[PDB]
Amino acid sequence: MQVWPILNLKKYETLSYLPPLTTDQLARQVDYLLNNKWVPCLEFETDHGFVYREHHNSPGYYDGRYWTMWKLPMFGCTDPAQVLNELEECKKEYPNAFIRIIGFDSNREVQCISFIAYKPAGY
Amino acid sequence: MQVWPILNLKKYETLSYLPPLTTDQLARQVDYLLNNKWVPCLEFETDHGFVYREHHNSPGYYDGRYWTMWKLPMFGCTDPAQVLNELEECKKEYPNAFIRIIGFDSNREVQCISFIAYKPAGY
Amino acid sequence: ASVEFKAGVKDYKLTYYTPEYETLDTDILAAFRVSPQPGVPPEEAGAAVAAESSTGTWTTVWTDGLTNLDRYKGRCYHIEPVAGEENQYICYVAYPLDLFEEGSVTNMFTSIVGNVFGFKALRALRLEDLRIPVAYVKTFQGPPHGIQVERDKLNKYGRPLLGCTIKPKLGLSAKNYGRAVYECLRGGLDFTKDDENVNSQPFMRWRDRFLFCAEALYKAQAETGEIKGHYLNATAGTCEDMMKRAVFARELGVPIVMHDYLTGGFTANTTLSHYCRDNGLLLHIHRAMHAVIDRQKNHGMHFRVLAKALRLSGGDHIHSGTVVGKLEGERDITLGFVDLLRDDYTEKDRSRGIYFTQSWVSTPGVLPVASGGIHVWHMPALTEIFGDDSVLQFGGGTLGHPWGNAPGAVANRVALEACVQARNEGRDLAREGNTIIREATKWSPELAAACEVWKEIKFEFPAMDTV
Amino acid sequence: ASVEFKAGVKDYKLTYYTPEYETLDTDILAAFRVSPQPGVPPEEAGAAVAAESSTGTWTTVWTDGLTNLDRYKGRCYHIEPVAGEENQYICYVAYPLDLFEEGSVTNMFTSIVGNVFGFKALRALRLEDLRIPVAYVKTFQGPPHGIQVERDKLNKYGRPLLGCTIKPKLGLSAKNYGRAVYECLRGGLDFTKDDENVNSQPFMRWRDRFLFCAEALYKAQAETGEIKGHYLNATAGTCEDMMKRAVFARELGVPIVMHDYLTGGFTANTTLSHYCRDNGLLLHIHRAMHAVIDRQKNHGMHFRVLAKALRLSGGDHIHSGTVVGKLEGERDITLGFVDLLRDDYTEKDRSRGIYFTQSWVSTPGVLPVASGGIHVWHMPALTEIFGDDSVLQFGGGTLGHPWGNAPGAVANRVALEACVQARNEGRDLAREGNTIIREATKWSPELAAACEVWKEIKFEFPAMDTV
Amino acid sequence: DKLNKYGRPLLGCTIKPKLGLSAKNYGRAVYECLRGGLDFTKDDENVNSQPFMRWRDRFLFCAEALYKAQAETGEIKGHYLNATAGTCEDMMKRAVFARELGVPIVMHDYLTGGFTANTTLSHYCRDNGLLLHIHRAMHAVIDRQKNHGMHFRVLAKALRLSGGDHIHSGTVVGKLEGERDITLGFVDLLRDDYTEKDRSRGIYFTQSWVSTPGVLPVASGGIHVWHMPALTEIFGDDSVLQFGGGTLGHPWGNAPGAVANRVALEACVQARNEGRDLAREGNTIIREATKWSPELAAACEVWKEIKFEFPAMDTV
Amino acid sequence: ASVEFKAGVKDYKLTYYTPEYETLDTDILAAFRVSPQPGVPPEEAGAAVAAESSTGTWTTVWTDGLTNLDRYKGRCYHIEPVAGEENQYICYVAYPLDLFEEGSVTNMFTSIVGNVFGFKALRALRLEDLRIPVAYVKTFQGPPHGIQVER
Ligand SMILES: O=C(O)[C@@](O)(COP(=O)(O)O)[C@H](O)[C@H](O)COP(=O)(O)O
Ligand SMILES: O=C(O)[C@@](O)(COP(=O)(O)O)[C@H](O)[C@H](O)COP(=O)(O)O
Ligand SMILES: O=C(O)[C@@](O)(COP(=O)(O)O)[C@H](O)[C@H](O)COP(=O)(O)O
Ligand SMILES: [Ca+2]
Ligand SMILES: [Ca+2]
Ligand SMILES: [Ca+2]
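Residues numbered from 1 in each chain as written, not as in the entry; some residues may be left out. Chains lettered and ligands numbered in written order. Part of a larger assembly, values for the part shown. Heavy atoms only, no water.

Method of structure determination, per the deposited record: X-ray crystallography was used for this entry, reaching 2.3 Å resolution.

Here it is in structure tokens:
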């Protein structure tokens, strides 16, 4: 039997327990986002990469949930290259940042997609 | 579209989104203080440059507001050179301090001026 | 319009069988499966049920002249024979809006299901479905949070949530509960839970349990960086006990509590839904006892009725069956009521056992929870049946992994994320599931050990409640 | 005593079928009617039910080694075939005392009836009876007052009590409710009542109702000189609503309130029993919804189980059926559970559907309430079946008398006192009932009119739940 | 003194779509606006608690957001959390929860909630140290017409009595009506201790306030960066300037909208304090600041021609 | 269904004048008497009222893309001229049920009569009537007793 590790095993919600996504693997989630007519958005975070409680500890309140918005939601977008381009731009501007791709459904007003698309060095 | 930066973008209230004040620019704010007959005071802070909540988190309570007063409020002052002189003295005594100039209206008992006049190295 | 008072008994169908009636958009509509005794017209059986579930009794009372009995009466307005049954009929009843107490699931069940199932003149009776009009919908809080809010609170998107009941159902001490909890959450499950009948007992007192499971869960969050919860059961003997568990949960700062709505009861449930809305606690509903009422085709209340009343009373989560596991749940029926649980509009659909079109006027949807003898091999089928807005709950599928809780959790979390990825890529979960799972074991030795243990385990029997 | 951990699924009968087991006097004992699927040994079906109602799940979990699974486990310790049924067995289960939360009917039902009735491998399942050990009995308050105290409070001895539901079940205004109430109490009924589904509605708001029915009942007491009550329904959507009705009843100074224990729910019931004990209000229990669970032989929970749990939770009164009226109730079964409701000791008796000897360690007895399509002609049979410690309740039998409420009440009160006198004199109520009633009409023209109206009315059908 | 903000008008911003945004999206929009240099953001008047967004959820996420803004920028922020509600008990539950999260400022719609319930809230915020921002929704039902109703100076004086730290006061130059002279009028009534009779500005009586604290006027409604000069000259330092559409309508999104706004305002304050004439040199001062602020430049291109000029109804 | 974000101002009637709309039995319907300035089409005056009492402001905001603005927007769905008045119109507005707080008169009036009566582009405005759908009616207690009980 194996012991599941303890140190440096920070995880990043959906997809983070699979092998790192390949370039195509990455493409395919982006297509999946766009095939469901959801709106792409990028978000990034330099300082607080994981949730914490600084300002309150009542039920349902966590810090570190909000990241910062890269540019605006890509409304209209039908081209995955557009999204992967913006990922490259965000990366070049913020190479010490975690960067995630999210996908909005506006009918339900819920994020239907959210995954990590880039982690900084040592991550 | 540009993404407003995230790291090292601490701001210092009034005037702190402008380009740094020139020596003349600085003089002009001081004249403005003195032409409204307001009382110059300088204040400095080495340790806690920005607000934080150590001792309480009730509504309206922040730490880090109070800085420490350089000498007294310059009552009577009609000369701007006097004030810029004290700025220079404070700076020589406290080169690792943020220093601000403030202006008191005694009729309303409110500060009507307040701006940063010196930041330490890396700021 | 007055007529003299004539004491004595008449047929119910004289007043309460009204075939030509056009239902109003404010009426509550019931669908009964009715099995009359020999000798009893379906009309009169239909009529009986409507009368004694709304205004009438077994003989004429004079006090009806004081009111307008036409505007208050329940009405049997349509009968239809049941296919492949001797002497069995669907009877529809409309109940006017005024009959009901605003915001009380208790009062709606007290009329509609109060006394009629014991009538001598029926062999059997079963409430199949109910049409709650929108103006009655608006009198209830509903779910404290609902799917959108819950996902935004926990920061969890793109997949089903994963849960795990602590096992031995009973007999573990507090500190051991806490130990099991940390181990399970740190391997990738989002939630763990009190077993339904774990309340407070001689082997484990509640306040001790809550305490340690807080430490545990706060340690798993800290190690993994993803938000965790553990369903702390508020179920209790009295309302005052229940409220004491909630308030202590609140005071610990954790995200979620549970309640056993039917064995606690709708009056106390509603109370607890209210307090979690005021206090921002998520509310996981357990449906223990439901099968006492809802198993048989011929007699009882369908689970879609209990779920609708849960959505009114309030739950963020409800168990919904698994289809594939150790408890009964037919796929088509299950798709049915799940749709009733999460969506805003659901059209009539007899193939899925929806007898009424149902609107919810933006009452938040409820997250279905699949739990009960499932394991990694069922992952594909579960993801396909329920989709992303579900909680998948793996008790013996976690704690029975050969390598302990952490690795059991990893196996289940990996199998799930392999099915999501495969799905999102365009693969067919129903066709390719065993394969997908197979592929994932090549790189996850946690999953591989799970897969080896339970390879042959299936649960397939003749179901009882079918369409 | 330790053994290595071997993950994977085994038979339940390996751990949970224990035929040689001698029950302990602290154990809770369940009697299940079990109908296995084809292919499923009665042993393994028995075992399944015991395991998943106490400690076990569908695969081996390692965490059992942390505890002493032998002392906590539910146990199937006896199977016996069912007479005149293919593939149906009584299975007995013993549950240790530690499994249960002291004073919570909710927790005892959550284990014993929580999940097992939905098992795929069963066709059907039914809890017939439960043996609550005395040390568990002592953890409950029971009835707020109980028969002795109730009779001493109201000053009413030597006869059944007489009641009357107000009719039209719904749609009467407050002031009209109050009018009907005064008229009914002033002709000789001891009590009148809120109909179960009369809570607070658009046609009649609760606080208005309580108010006027106080005036009414205070006027009937004043005119007749005997103590009256009117069952003011506290049933409500939430505990806080419920408690508000109780507290206002308390504030009016009246003797008695009611509660719909199953549609309100055991958590809220228990709360209300507590408050009436602290506040000296009598507590009349309505059993609305019971027939949803308890009608069928093959699947559900027998009413004797619901009654026992009511006696623990707390009720001064519970409905118990009438035998002779419009709702189903077999005489022998009914004698059975009535005995379970009022007495301190009740020996095993399969002929009356008592599977267990049952002791109550002076927990007060509960008064049975017969209500539901009865009338003056049933008086003799009712008095014979139930005896003095009962409440006889005549809704359409009061308000459907041709001469109005007062005279309907007199008819029923006279018929009852004629049956008492005749009984006390040494006459046979079963043999001489029609006669006795006949004699009494010669001097009571109220009774005579009742008798003429309902002379032919009988309710006789094939029953469903039999022994 | 509580917020540590001196020497300029404060800046705020109403979250848009007025209705129909969820709680987590409200928090998202808030964080972005405050981090770009706005002092405050706010519940739209008619955002209370609804099917698309329940209040307790909103407060919680806007706390999270605002605490992240503050921490990134180091300047104190606030978000007016609307206590307006159906009953007093509901209202007081919202104030109590704002108190508990430790934020600085709540709001109330004084006329549709009503003076009784306002005075109750004003009391609580005193006893609990919450700032209290007053919205004046419905006022124009009573105060638009010269011939019939009640002038808005009357409602403002009553709000001063009842209690508000902030009230909306009109803008003059935006999408809602307010004549300059009458506006300088009642703004004086709201802030100063003594205000002499002056029929030219619609003050019919001399009014003293015996040191009742003055109320910060809030200019909001159809304004943008080109109105910055005028606003600064009309209201001076003791004002809150509020830019909903003017923040969330910026092409580059909230943070940049906020920056354009706060840049324009500090440029008018710097210009002013140097001795320039805001009424004469406004377009120029704004023009100059776009040369070094690309955020401002984008705002200024979008709304260059937008003006709001009609015959007013309430005049002297 | 998504379209790119185009900042800047547009006519209100482009989003909130909706003449072919069939009112829902849950909507809240408002009857306004509306007197536009010179130069202002009734259609745009009606639309302004509907927008600025429900979801919209004076310039396009990107955050609309995050919701479904069609299901929340107030909608001017009928204009009729007023007899014996120059430039005065009845404008009908429908408000979806989701916009309102249950049981709060204060919330209904804050949307519906909050801001619109001060709009520079109107000379005058008057709310004549409101159609309160029954599902909203049920959220209120109403009269404490009412006529029957009182007597
Ligand atoms: O005790 C149990 O049996 C369970 O925890 C399953 O444990 P395993 O995860 O070990 O199966 C669940 O409560 C049942 O699934 C309830 O069924 P339902 O969801 O249909 O109400
Ligand atoms: O509504 C009714 O039907 C009753 O008032 C009878 O009215 P009548 O007196 O007019 O028959 C009783 O509640 C039922 O008897 C309940 O049955 P049970 O006692 O078996 O629970
Ligand atoms: O709903 C609106 O229309 C506003 O948020 C302005 O939003 P924009 O920032 O997007 O214009 C303000 O509440 C009005 O200004 C109220 O007017 P007043 O202050 O005159 O009472
Ligand atoms: Ca369980
Ligand atoms: Ca009844
Ligand atoms: Ca607004």
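Next comes the rest of the write-up.
1. Focus on the overall build of chain A
Put simply, the rule reads: Counting from the N terminus, the helices are the DSSP runs of H or I reaching at least four residues and the strands are the DSSP runs of E reaching at least two. Contact criterion: two residues are considered in contact whenever any of their non-hydrogen atoms come within 4.5 Å of each other. Computed with the Shrake-Rupley method and a 1.4 Å probe, the accessible areas treat only the protein chains shown as cover for residues.
Helix and strand content of chain A: two helices and four strands. Ordering the α and β elements of chain A from the N terminus gives α-β-β-α-β-β. Dimensions along the principal axes, computed over C-alpha positions, put chain A at roughly 40 × 35 × 30 Å. Taking as baseline every contact in chain A between residues at least 6 positions apart, the subset at least 24 positions apart corresponds to 56%. For chain A, the exposed surface amounts to about 5500 Å²; the carbon and sulfur share of it is 48%.

2. A look at the domain arrangement of chain C
It is common to give the size of an interface as the accessible area that goes away when the parts come together. Residues and elements named next belong to chain C. Stated formally: By convention here, the domain bounds are inherited from an automatic or database domain assignment. Buried area is understood as the total, over both parts, of accessible area removed when two parts are fitted together, assessed with a 1.4 Å probe. Here, a salt bridge means any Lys or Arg side-chain nitrogen found within 4 Å of an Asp or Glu carboxyl oxygen. For this analysis, a polar contact is any N or O atom pair within 3.5 Å, provided that within protein one partner can donate a hydrogen and the other can accept it, and provided that sequence-adjacent residues contribute only side-chain to side-chain pairs. When residue character is reported, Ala, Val, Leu, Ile, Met, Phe, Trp, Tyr, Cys and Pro are called nonpolar, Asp, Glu, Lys and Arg charged, and the others, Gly included, polar.
We note that the domain assignment places domain 1 (14–140) and domain 2 (141–454) within chain C. Put simply, the middle of domain 1 and the middle of domain 2, counted by C-alpha atoms, are 35 Å apart. Opposite the 29 residues of domain 1 that make contact, domain 2 presents 31 residues. Of the roughly 2600 Å² buried where domain 1 meets domain 2, counting both sides, 62% is carbon and sulfur surface. Our enumeration of links across domain 1 and domain 2 arrives at three salt bridges. Here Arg350 and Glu80 are joined by a salt bridge, their closest N and O atoms 2.9 Å apart. The interface formed by domain 1 and domain 2 includes 17 residue pairs in polar contact. For the side of domain 1 that touches domain 2, the secondary structure elements donating two or more residues are β1 (28–36), β2 (75–81), β3 (89–95), α4 (105–113), β4 (122–131) and α5 (134–137). The leading source of residues in the side of domain 1 that touches domain 2 is β4, at eight residues. Across the side of domain 1 that touches domain 2, the residue classes break down as 19 nonpolar, three polar and seven charged.

3. Digging into the interface of chain F and chain C
Contacts between the two partners involve nine residues from chain F, matched on the other side by nine residues from chain C. Summing both sides of the interface, chain F and chain C together bury roughly 740 Å²; the carbon and sulfur share of this comes to 62%. Between the two partners, chain F and chain C, sit two salt bridges. The shortest N-O distance in the salt bridge between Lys138 of chain C and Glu102 of chain F comes to 3.3 Å. When the residues that make up the side of chain F that touches chain C are grouped by side-chain class, the tally is three nonpolar, two polar and four charged.

4. Overview of the relation of the copies chain C and chain D
The following threshold applies: Copies superposed on C-alpha atoms by least squares.
When chain C is brought onto chain D, the operation consists of a screw motion whose angular component is 180° and whose axial shift is 0.0 Å, with 0.0 Å RMSD remaining. A rotation of that kind, with that shift, is consistent with a two-fold axis. Residues of chain C ranked by C-alpha distance from the rotation axis are headed by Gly265 of chain C, positioned 1.8 Å from it. The overlap is high: 100% of the interface residues of chain C also sit at the interface in chain D, so the same surface is used on both sides.

5. Re unusual backbone geometry
Rules: Remark: exposure states derive from per-residue accessible area (1.4 Å probe, protein chains only) relative to the maximum for the residue type, with buried under 20%, exposed over 50%, and partly exposed in between.
Unusually for a residue other than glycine, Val323 of chain D sits at a positive phi of about 80°. Structurally, the position occupied by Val323 of chain D is in the loop between β11 (317–319) and α14 (331–342). Looking at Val323 of chain D, the relative accessible area reads 16%, which means it is buried. One non-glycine residue, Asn4 of chain E, lies in the positive phi region at around 70°. Among the secondary structure elements, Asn4 of chain E is positioned in the segment before β1 (10–12). Residue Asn4 of chain E is classed as buried on the basis of its relative accessible area, which comes to 18%.

6. Notes on the coordination of the calcium ion (ligand 6)
Formally: Coordination here is defined by N, O and S atoms within 2.8 Å of the metal (3.2 Å for Na, K and Ca), and since water is not considered, a site can look incomplete.
Every protein donor of the calcium ion (ligand 6) is accounted for by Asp44 of chain E (OD) and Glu45 of chain E (OE), and the metal-donor separations fall at 2.5 to 2.6 Å. For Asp44 of chain E, a relative accessible area of 1% translates into the label buried.

7. Here's the deal with the pairing of strand β7 (residues 229–233) of chain C
Residues and elements named next belong to chain C. We apply this condition: Strand pairing requires that DSSP identify at least two bridges connecting the strands. A crossover gets the label right-handed when its path from the first strand over the helix to the second runs clockwise, viewed with the strands pointing away from the viewer.
Counting buried residues along β7, five of its five residues qualify, which places the element largely inside the surrounding structure. Of the two faces of β7, the one holding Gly229, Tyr231 and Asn233 and the one holding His230 and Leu232 are both buried throughout. Pairing between strand β6 (residues 191–193) and β7: three bridges, direction parallel. Pairing of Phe191 across the sheet is with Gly229, part of β7. Pairing analysis gives two bridges linking β7 to strand β8 (residues 256–260), with the strands arranged parallel. From the neighbouring strand, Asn233 faces β8, where its bridge partner is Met258. Of the crossover connections in this fold, the one passing from β7 over helix α9 (residues 239–252) to the parallel β8 is right-handed.

8. Comments concerning the interface of chain C and chain D
Taken together, the contact pairs 114 residues of chain C with 114 residues of chain D. Counting each side, the surface lost to burial between chain C and chain D is near 9300 Å², with a carbon and sulfur contribution of 59%. Summed over the three residues of chain C that lose the most area to chain D, namely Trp58, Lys120 and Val292 of chain C, the buried surface amounts to 9% of that side. Summed over the shared surface of chain C and chain D, the result is six salt bridges. Note that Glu52 of chain C and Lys326 of chain D form a salt bridge whose closest N and O atoms lie 3.2 Å from each other. In terms of residue class, the side of chain C that touches chain D is built from 47 nonpolar, 50 polar and 17 charged.

9. Regarding the UniProt feature "binding site: Mg(2+)" in chain C
The condition is simple: UniProt positions are given in the numbering used here, feature names are shortened, and annotations may be inferred rather than shown by experiment.
When the UniProt feature table is mapped onto this chain numbering, "binding site: Mg(2+)" sits at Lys193, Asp195 and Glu196 of chain C. Counting through the fold element by element, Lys193 of chain C comes out in strand β6. When neighbours within four sequence positions are excluded, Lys193 of chain C is seen to be in contact with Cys164, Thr165, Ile166, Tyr177, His230, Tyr231, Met258, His284, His286 and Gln393 of chain C. What makes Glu196 of chain C buried here is its relative accessible area of 3%. For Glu196 of chain C, the contacting residues outside a window of four places in its chain are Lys169, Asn233, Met258, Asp260, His286 and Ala288 of chain C together with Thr110 and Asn115 of chain D.

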